[PDB]
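Peer 1: One structure follows; several queries about it will come next.
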Amino acid sequence: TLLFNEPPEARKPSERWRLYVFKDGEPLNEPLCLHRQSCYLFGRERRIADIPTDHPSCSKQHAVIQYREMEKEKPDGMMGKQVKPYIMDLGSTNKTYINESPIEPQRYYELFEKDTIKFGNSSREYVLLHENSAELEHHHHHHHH
């Protein structure tokens with residue numbers, strides 16, 4: 001009955017990704033946690049959606065944000081890995097939009113900080129972010145200097 005599978009490379013992220021919500025262009029009180037499981041299902045069906053998308057233009061199971069472990073090139077050219085967010089539309093009639101442009105269904109699209117996401121013709125929109133850290137900032141300063 002779920003319309004998606006998680007791939008072999010699925011992993012819970014360590015980065016504290018959160019999803020800020022807008023209702024008619026104004027913010028809710030708190031962002032949604034987007035970093036405590038490896039996949040988040042968006043859809044109108046409250047029985048199975050992780051994040052319900054109640055607008056009537058939205059499909060029962062509309063889109064997933066899937067965390068995937070991929071390669072990461074370090075500044076020094078040596079190899080590591082990272083876990084990053086990807087969105088996939090599940091063949092919704094009314095589409096999934098990243099930064100105002102629709103995506104091809106059944107294909108993973110990498111997501112980035114500050115991306116805006118909209119499902120169908122919903123009056124709601126979402127912005128993806130994560131926090132800054134002293135550790136993160138020091139690490140970046142080290143590599144820059």
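As shown in the structure tokens, the chain order sets the letters A, B, ...; within each chain, residues go from 1, and ligands are also counted from 1 in the order they appear.
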As a ChimeraX atom specification, please: the residues near region 57-64 of chain A (cut-off 12 Å, only C-alpha atoms, same-chain neighbours under 4 positions excluded).
Peer 2: /A:1-6,34,37-53,85-98,103-111,117-124
Peer 1: Could you pull the residues within 9 Å of residue 125 (chain A), counting only C-alpha atoms, minus those fewer than 4 positions along the same chain, as number ranges by chain?
Peer 2: A: 20-25, 116-119
Peer 1: For residue 36 (chain A), list every protein, DNA or RNA residue within 12 Å, evaluated using only C-alpha atoms, and leave out those in the same chain fewer than 2 positions away; present the list as a list in words.
Peer 2: residues 11, 12, 13, 14, 15, 16, 17, 18, 32, 33, 34, 38, 39, 40, 50, 66 and 67 of chain A
Peer 1: Nearest residue to residue 68 (chain A) out of A:30, A:100, A:115, A:9, using only C-alpha atoms?
Peer 2: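 Once distances to residue 68 (chain A) are computed over only C-alpha atoms, the minimum belongs to A:9.
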Peer 1: If DSSP is run on the backbone, what residues of chain A are strand (DSSP E or B)? A reply as a PyMOL selection string would be ideal.
Peer 2: chain A and resi 10+17-23+26-27+32-33+39-43+51-52+63-73+79-89+96-98+101-102+109-110+116-119+124-130
Peer 1: Using CA of residue 81 (chain A) and CA of residue 101 (chain A) as the two end points, give the distance in Å to one decimal.
Peer 2: 28.8 Å
Peer 1: What separation in Å, quoted to one decimal, exists between CA of residue 56 (chain A) and CA of residue 31 (chain A)?
Peer 2: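 Distance between the two atoms: 22.3 Å.
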Peer 1: Counting only C-alpha atoms, what is within 7 Å of residue 71 (chain A), bar same-chain residues fewer than 2 positions away, as JSON, numbers by chain?
Peer 2: {"A": [73, 80, 81, 82]}
Peer 1: At what distance in Å, to one decimal, does CA of residue 69 (chain A) lie from CA of residue 10 (chain A)?
Peer 2: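 Straight-line distance from CA of residue 10 (chain A) to CA of residue 69 (chain A) works out to 6.2 Å.
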Peer 1: To test your reading of the structure, identify every residue in chain A that backbone DSSP assigns to alpha helix (DSSP H), and report it as number ranges by chain.
Peer 2: A: 134-144
